[PDB]
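What follows is a single structure, written as structure tokens, with notes after it.
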Amino acid sequence: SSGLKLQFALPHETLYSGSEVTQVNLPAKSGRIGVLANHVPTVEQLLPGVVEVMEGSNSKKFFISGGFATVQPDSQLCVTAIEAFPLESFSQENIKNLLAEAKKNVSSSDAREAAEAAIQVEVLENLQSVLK
Amino acid sequence: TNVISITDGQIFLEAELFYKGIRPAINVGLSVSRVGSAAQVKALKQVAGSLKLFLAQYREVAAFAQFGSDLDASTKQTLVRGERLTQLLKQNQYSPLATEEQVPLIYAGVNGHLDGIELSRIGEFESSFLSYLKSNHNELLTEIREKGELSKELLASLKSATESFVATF
Amino acid sequence: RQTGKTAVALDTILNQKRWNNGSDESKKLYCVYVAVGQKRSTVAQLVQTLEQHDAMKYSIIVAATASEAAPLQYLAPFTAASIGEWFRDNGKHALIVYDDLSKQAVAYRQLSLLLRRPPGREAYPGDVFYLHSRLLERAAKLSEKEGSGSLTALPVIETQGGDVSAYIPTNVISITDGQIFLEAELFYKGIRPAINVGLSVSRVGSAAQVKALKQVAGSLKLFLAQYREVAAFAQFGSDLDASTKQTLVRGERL
Amino acid sequence: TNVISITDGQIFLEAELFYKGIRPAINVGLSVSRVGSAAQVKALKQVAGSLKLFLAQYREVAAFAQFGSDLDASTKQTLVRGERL
Amino acid sequence: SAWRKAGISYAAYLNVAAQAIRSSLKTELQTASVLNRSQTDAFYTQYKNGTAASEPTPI
Amino acid sequence: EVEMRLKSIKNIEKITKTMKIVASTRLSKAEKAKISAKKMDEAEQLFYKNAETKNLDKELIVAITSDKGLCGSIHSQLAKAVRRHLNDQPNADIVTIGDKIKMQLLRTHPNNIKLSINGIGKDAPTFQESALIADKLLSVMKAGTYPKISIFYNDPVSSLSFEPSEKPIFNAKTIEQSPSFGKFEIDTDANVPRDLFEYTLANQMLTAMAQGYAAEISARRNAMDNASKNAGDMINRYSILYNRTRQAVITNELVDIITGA
Amino acid sequence: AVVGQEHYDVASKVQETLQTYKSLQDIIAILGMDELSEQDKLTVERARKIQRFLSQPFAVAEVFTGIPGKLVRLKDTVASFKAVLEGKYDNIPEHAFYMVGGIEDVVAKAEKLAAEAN
Amino acid sequence: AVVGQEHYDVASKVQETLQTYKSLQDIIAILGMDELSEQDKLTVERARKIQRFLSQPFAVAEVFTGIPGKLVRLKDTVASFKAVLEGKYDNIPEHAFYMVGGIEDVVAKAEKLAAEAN
Amino acid sequence: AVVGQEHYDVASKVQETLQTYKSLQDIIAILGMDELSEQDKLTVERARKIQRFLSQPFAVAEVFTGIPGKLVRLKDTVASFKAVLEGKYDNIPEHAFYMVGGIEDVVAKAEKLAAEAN
Ligand SMILES: Nc1ncnc2c1ncn2[C@@H]1O[C@H](COP(=O)(O)OP(=O)(O)OP(=O)(O)O)[C@@H](O)[C@H]1O
Ligand SMILES: [Mg+2]
């Protein structure tokens with residue numbers, strides 16, 4: 001298709017529903033891949049990272065909370081997301097650090113809970129990287 | 001109660017019916033005649049054999065239709081028939097129709113010809129069909145008012161007139 | 001019954017003391033209470049309370065209790081009206097509390113039936129509407145040429161089972177210039193003055209009202225009306241947008 | 001009203017319970033006797049224990065039919081007991 | 001980290017990451033929607049048709 | 001004696017009007033919440049059409065109903081669907097959500113039922129609850145080994161009509177057997193099939209529960225409107241009866257007192 | 001003793017089925033049948049079928065019905081009512097019990113209704 | 001001015017609670033008790049407990065009740081009903097308030113009910 | 001037959017428009033103006049204009065506020081109401097019909113509103 005269309009959606013409200021995009025960053029389990037036109041169909045897991053939506057207007061960025069980056073052979077990029085990082089208002093250093101310090105105490109509570117706590121600390125550090 | 005018990009039947013006129021727009025406002029379910037059935041002109045007997053039944057099921061089934069869904073489509077057929085029948089029976093004040101220009105309307109309404117025509121054009125259909133019949137098929141109404149009933153060939157002629165006008169309508 | 005009907009009148013009598021102990025006669029409001037068919041001990045407690053608040057000096061009590069003959073109970077309102085008319089025609093202002101008029105109508109029923117007069121609706125005499133009209137129309141606001149006197153009448157009619165459609169209630173409500181509806185369920189919910197504002201009305205309206213009360217009362221009555229309208233949305237989450245909850249809060253605090 | 005005020009109790013019978021299957025059709029809610037323990041065989045009394053207080057049991061079983069909907073196992077037990085009785 | 005064996009499933013890992021973003025979201029972003037997302041009052045009973053009734057386990 | 005019953009019918013009419021108003025508000029909220037969930041559904045279901053799979057993949061079946069069952073034929077349609085699919089395959093499980101379908105599922109084979117969770121649909125669809133439910137379906141009931149994963153829920157096709165509909169979930173053991181699976185450059189490091197299966201289960205179950213919530217609220221609104229008009233008719237008839245009764249009784253005392261003379 | 005034990009039981013059960021409908025009328029009228037229990041639904045639909053089946057054409061009022069009058073013997077009607085009470089005929093539409101005689105007439109009417117009407 | 005301010009307050013509060021309970025009787029009965037707010041419910045259970053707490057044994061009612069009569073003094077009643085009003089005794093089931101004397105008898109009845117309930 | 005065909009027509013259209021507007025008032029109060037279709041919005045706005053235009057200054061209310069009462073003839077009334085009905089006066093605001101008699105007065109009030117606006 002002409003360029004690439006992005007179906008970036010969030011359960012509270014969809015962000016994009018096929019908007020034309022000049023380039024998409026997709027931080028994944030392996031690594032970020034730039035898809036902008038045609039490309040090949042792909043299925044991939046979106047690791048929490050900055051899914052920056054580069055466009056002719058501006059290269060606005062979004063840190064994802066997780067999702068799947070999948071591609072269809074008709075130049076379709078279905079990116080399902082949960083919580084985004086609107087511009088830079090999402091940035092809040094103090095409460096992020098407070099959660100990281102207060103809950104790393106329970107990072108060794110109980111197998112599943114401990115692992116989820118460690119993962120949440122890791123994604124908080126990802127946000128800290130996005131905090132800049 | 002006592003004046004009904006002394007009479008030979010009653011014709012009930014309902015106020016909310018009058019308010020809606022049904023002008024005769026006659027409650028078919030309540031209104032009844034005890035001995036007029038034997039006296040009714042046989043032509044109306046033939047054409048209007050099942051109008052009472054039709055209005056009946058249109059009554060109870062409509063009382064069942066409290067929602068705008070698919071129902072059963074046989075119930076929907078009954079509603080789409082009963083609406084045309086009810087709108088057919090309206091008249092105006094000081095405009096008494098005679099039997100010869102009455103019977104064909106009942107025949108059209110009982111043969112299902114009315115189903116295609118929209119509700120807003122039902123009275124339009126009445127007037128136009130009357131003009132059409134008195135224009136070309138004058139012999140039909142002349143015979144139904146002279147002889148007093150409908151023969152099988154007369155029924156066929158009336159049917160043919162109905163489909164002839166319905167296609168043009 | 002047991003709604004607080006006499007309490008409103010008594011509070012009025014006490015409130016009049018602020019000016020009854022002054023000097024300006026145009027502000028003094030003399031009070032006369034009418035006891036029709038009431039228990040004598042009730043009258044005793046009543047008068048005791050009047051002296052306790054030092055309202056006895058400007059108050060007159062005519063007492064036709066249940067023990068006296070029915071004709072006396074029939075005449076007590078008229079003699080009280082004449083007593084008030086004395087003040088009214090002498091240029092002063094007087095307040096008259098007819099209290100129980102249903103018992104007076106019952107007494108007239110007894111009189112008429114015992115005199116073989118033709119009965120009527122629930123055996124009431126004919127000229128009871130005429131009777132109450134004569135009694136109530138005597139209260140008036142005299143013009144300046146006659147002395148600018150005044151008589152304000154506060155009849156108290158008790159209704160059985162809330163039936164305001166009963167014959168005597170229908171007669172008296174037609175006579176009077178506005179009504180004060182008192183309900184028992186309102187009394188039970190905690191609203192101690194049980195005046196049902198949605199039903200109570202005043203024909204004179206705000207014309208005979210303090211100007212500040214006039215300024216502050218239109219918003220009050222509008223808010224009460226809105227609160228009654230939105231009262232149904234209270235027994236649940238009751239969000240139904242900010243408007244409904246704001247009206248609920250305002251009306252309930254009012 | 002006069003006869004209910006003149007007698008030493010009453011035995012209410014209504015057609016609704018009669019058509020419900022109850023052949024005696026005794027409305028135990030209203031059917032009351034001004035004499036209880038007195039004028040009663042002792043075998044149908046405190047020795048049987050509950051024959052002092054089935055009146056309360058049949059009042060409560062009617063008192064939780066649908067408005068007093070079954071909450072826990074006690075309610076289900078009382079329901080079964082009452083309907084069996 | 002490890003969310004399959006050490007954790008429970010990808011669903012739990014993703015939910016914890018979403019709760020991370022929501023709870024660590026800035027003050028002006030906090031609204032009724034994020035409160036509803038944080039709000040959870042489910043009770044897992046796991047009807048004992050044969051056995052193993054969870055008895056309203058909290059979410 | 002008629003007056004108290006007339007007052008009760010007045011109160012019923014007021015209750016029905018208030019309930020239909022709050023049902024309209026809840027319908028608006030549910031629709032604006034469900035649009036995004038429907039977007040999530042389609043964005044992956046139309047992609048799953050590319051890799052059709054649609055194969056045979058003892059069975060785990062989920063049912064979606066609301067906790068509140070005041071009205072509507074929602075639970076009746078869910079019950080007929082579950083009974084039909086249960087008699088078709090008696091070995092399938094009867095996993096449910098909510099409570100109303102649970103109480104409805106006592107007199108029809110109450111042993112294949114495994115999971116029971118209530119208190120779900122009363123305020124909003126939400127996402128955390130769906131994620132927790134999917135996670136403990138995977139961890140405890142090992143949903144990946146069950147061939148067909150059918151989810152019972154009502155489609156809000158119209159603003160007033162609804163019917164049950166089905167959305168199957170391909171197992172991780174068979175999403176890798178898709179005929180179009182080759183065109184995706186998968187990596188064995190990220191174990192994409194099972195993660196895809198779990199994410200798929202979560203998304204479709206969330207969308208199904210949101211749609212069921214919306215349909216149930218719409219049906220409740222319609223039922224409250226119907227009860228409103230029925231109460232109005234009852235009010236009219238009993239007002240007529242009360243007026244006749246009061247006139248008749250007052251005639252009675254007047255004629256009695258006339259005969260007294 | 002007089003009419004027979006079977007007839008007494010049949011009449012009693014018919015009375016119960018019809019009286020449950022009247023008892024639940026108030027709930028049905030305002031809320032609807034969907035707010036009832038499964039047993040209540042079964043009883044109310046059986047009651048509707050019964051009370052529609054009590055109707056019978058008359059040989060005098062055929063002009064007001066259009067159906068020739070019919071007569072049913074006691075042994076036939078008690079058996080038909082007991083058969084309906086047992087639940088042998090619950091898939092039959094309720095309309096099939098209107099202006100009929102024995103249960104065989106109900107079966108025939110249901111056959112016609114499913115044939116051309118539906 | 002006679003019974004004391006506290007007694008008047010307790011009486012007014014219990015009366016308004018019974019008022020609120022009987023005002024909601026329609027909602028509870030025909031619609032259902034599950035569609036109420038938390039405060040509405042809590043008031044409902046409190047008022048039910050109070051109304052069955054108003055029942056007292058009568059010395060001349062042994063022929064009917066079979067329970068020995070109880071005479072509860074004024075301040076005892078006032079304190080017990082104040083405690084019930086505040087909410088100190090909300091955990092006790094309603095049946096322990098039925099046919100009893102003071103709140104001490106209510107506590108004894110609740111404990112004994114737990115006893116034979118095992 | 002009495003008031004004339006045109007008078008009956010305009011009166012019937014006015015009353016049915018008011019009835020439809022009243023029926024839509026509920027959902028207007030709930031959401032507002034968006035939920036209505038283009039013809040629904042047109043009918044609602046036209047009926048609001050008609051409701052405002054029903055008002056007429058009173059010659060006995062001259063001393064009351066300020067407004068010159070007008071003896072609007074019935075022919076002028078029917079002409080004005082049918083002119084508003086036809087739908088050529090939608091751009092005139094609703095308040096230009098309030099406290100206004102003949103339709104030329106509506107036009108004049110709209111002109112003075114425009115003059116005091118810009
Ligand atoms: N403002 C008030 N504050 C407190 N109690 C009040 C108030 N008004 C009325 N009551 C009480 O309400 C009850 C009935 O009121 P009250 O006897 O004063 O008037 P009433 O309705 O005219 O009486 P009745 O019908 O018995 O003649 C009494 O117990 C009284 O104490
Ligand atoms: Mg008093």
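Simple scheme: letters A, B, ... for chains in structure tokens order, numbers from 1 for residues in each chain, numbers from 1 for ligands in the order shown.
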### Task
May I have the residues of chain H within 7 Å of chain D, counting only C-alpha atoms, written as a ChimeraX atom specification?
/H:29,63-64,66
### Task
Residues within 6 Å of ligand 1 should be enumerated using only C-alpha atoms and all ligand atoms and returned as an MDAnalysis selection string.
chainID C and resid 1:7 192:193
### Task
Figure out the distance between CA of residue 27 in chain E and CA of residue 95 in chain A, please, to one decimal in Å.
9.4 Å
### Task
Please identify every polymer residue within 12 Å of ligand 2, using only C-alpha atoms and all ligand atoms, and present the set as number ranges by chain.
C: 1-10, 35-39, 42-43, 46, 99-100, 156-158, 182
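On all C-alpha atoms, the superposed RMSD for chain G relative to chain H stands at 0.8 Å.
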### Message
With DSSP run on the backbone, what are the alpha helix (DSSP H) residues within chain D? I'd like them as a count of residues only.
### Response
31
### Task
Excluding residue 118 in chain A and residues on its chain fewer than 6 positions from it, collect all residues at most 8 Å away from it, counting only C-alpha atoms, and give them as JSON, numbers by chain.
{"A": [104, 107], "E": [1]}
Go ahead and write the selection's residues with C-alpha atoms as an mmCIF file, in the first residue's frame.
```cif
data_model
loop_
_atom_site.group_PDB
_atom_site.id
_atom_site.type_symbol
_atom_site.label_atom_id
_atom_site.label_comp_id
_atom_site.auth_asym_id
_atom_site.auth_seq_id
_atom_site.Cartn_x
_atom_site.Cartn_y
_atom_site.Cartn_z
ATOM 1 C CA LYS A 104 11.939 -3.605 45.406
ATOM 2 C CA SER A 107 10.816 -8.008 44.842
ATOM 3 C CA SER E 1 12.756 -10.625 33.536
#
```
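Taking CA of residue 181 in chain C as the reference point, CA of residue 66 in chain C is found at 25.7 Å.
Any residue of chain B with an atom no more than 10 Å from chain G counts as a contact; using only C-alpha atoms, that gives residues 32, 33, 34, 35, 37, 38, 49, 50, 52, 53, 72, 73, 74 and 75 of chain B.
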### Message
Show me, as a PyMOL selection string, the residues of chain I whose atoms get within 12 Å of chain F, using only C-alpha atoms for the distance check.
### Response
chain I and resi 26-27+29-31+35
